[PDB]
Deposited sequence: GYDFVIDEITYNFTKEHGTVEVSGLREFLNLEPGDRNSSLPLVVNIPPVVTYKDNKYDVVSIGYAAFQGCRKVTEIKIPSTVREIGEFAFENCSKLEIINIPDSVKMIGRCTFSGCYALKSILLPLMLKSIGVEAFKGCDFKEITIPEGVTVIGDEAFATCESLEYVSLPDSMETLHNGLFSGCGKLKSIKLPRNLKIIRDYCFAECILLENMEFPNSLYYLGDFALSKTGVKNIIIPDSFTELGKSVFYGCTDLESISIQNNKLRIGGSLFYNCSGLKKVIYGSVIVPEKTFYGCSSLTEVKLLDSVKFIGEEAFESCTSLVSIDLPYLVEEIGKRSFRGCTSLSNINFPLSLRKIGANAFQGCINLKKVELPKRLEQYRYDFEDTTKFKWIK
């Protein structure tokens, strides 16, 4: 630092007659930091116009910081890991909250953002203990993981003009039950709501066409309908959702990654119409008991229904061409399945472990696939 006044250290900044707060007085061997708007040093007055980069980083004993109206800029990391910080104000002139500014402020239970704020950086509020936050209408960017691990957050108002939610924005917000999405939202990026285990109420705007990888993983959703307005779902979007009971994805042209409902162990009912059921879509869906595949479904991917141990019947629609490797492996309850004459290929061990699959009917043309069933399965061969 350049000089110290009371408990606070200062650095000279380029603008004539100005200083930045650079930290607190430290001894080598409830705490309120009261930042003044003006300090005098060696007969000259200096306006306190900014808080420096990492100025209070790791100051784990501070409980309150009072920031004067003259502060117009706050550096990245400024209050990072201020884990006892409970009380702080952001002056009206501050336009950006930078990277990690409040990351790790686990005791911070509220904040009011300046109405003229324009951007919120990566991880800006990661771990803060807010119950609610309102984002001013003019905020045009909110960075990755800005509210990740905000474990008390129950209410958030996003700017209504926002069109993209960044990666991991609300990852780990395990008290968030609802969110109102911006009315013209286009894209939800990867991990956005991952581990929002209580999240139940979220309506999709008509404009929303993309959900990224793991975007709704380990959420609280109960019944999902993917409307025709979606054009792409990433991988693992609903991975591990334990409260999800039904899904409907009927659109024949929707692009979908693998593992969408992997480990959705509460999923009971499926309606599915996309042309391909990708790899591992329903892996480990051990409560799944009703599966409606629309006539538009033509391929059942590798391991798609592996470990669906409650599924007794499935009607394969009349134009199915391929069943993948291990597609019904370990479906212990599976008893009733048809093999349409459009079928060209059955993958290795597709019906391994299907111990209750006692009788099937196949064309002689597919008899080489008999080894992909349990040796107890009896076959009726169609000439």
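Absence of C-alpha coordinates is noted for several segments of the deposited sequence, namely 1, 31-40.
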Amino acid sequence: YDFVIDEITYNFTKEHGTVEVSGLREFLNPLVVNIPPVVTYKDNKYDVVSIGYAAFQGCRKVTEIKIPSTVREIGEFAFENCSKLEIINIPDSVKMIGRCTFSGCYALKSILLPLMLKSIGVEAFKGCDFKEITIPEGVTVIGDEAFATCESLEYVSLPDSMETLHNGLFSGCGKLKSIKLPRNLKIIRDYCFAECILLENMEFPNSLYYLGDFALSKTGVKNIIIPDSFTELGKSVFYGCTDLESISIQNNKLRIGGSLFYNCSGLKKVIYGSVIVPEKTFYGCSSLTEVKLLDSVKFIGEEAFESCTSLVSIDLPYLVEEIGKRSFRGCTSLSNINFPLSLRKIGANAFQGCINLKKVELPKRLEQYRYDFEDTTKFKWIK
From here on, numbers count along this sequence of modelled residues.
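The mean Cα B-factor in the deposited entry runs higher for 72-80 than for the other of 72-80 and 231-239. For the pair 366-374 and 14-22, the mean B factor over Cα atoms is greater in 14-22. Among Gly257, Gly266, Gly98, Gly143, the highest C-alpha B-factor recorded in the PDB entry belongs to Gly98. By the numbers in the PDB entry, the CA B factor is greatest at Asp160 among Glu302, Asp160, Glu195, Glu245. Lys186 sits in the lowest third of its chain by CA B factor, as recorded in the PDB entry. Sorting the modelled residues of the chain by their CA temperature factor places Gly172 in the middle third. Looking at the C-alpha B-factors along this chain, the one for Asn251 belongs to the highest third. For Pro37, the recorded CA B-factor ranks within the middle third of the chain. Only modelled residues enter the ranking. Among the modelled residues of its chain, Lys61 has a C-alpha B-factor that falls in the highest third according to the deposited record.
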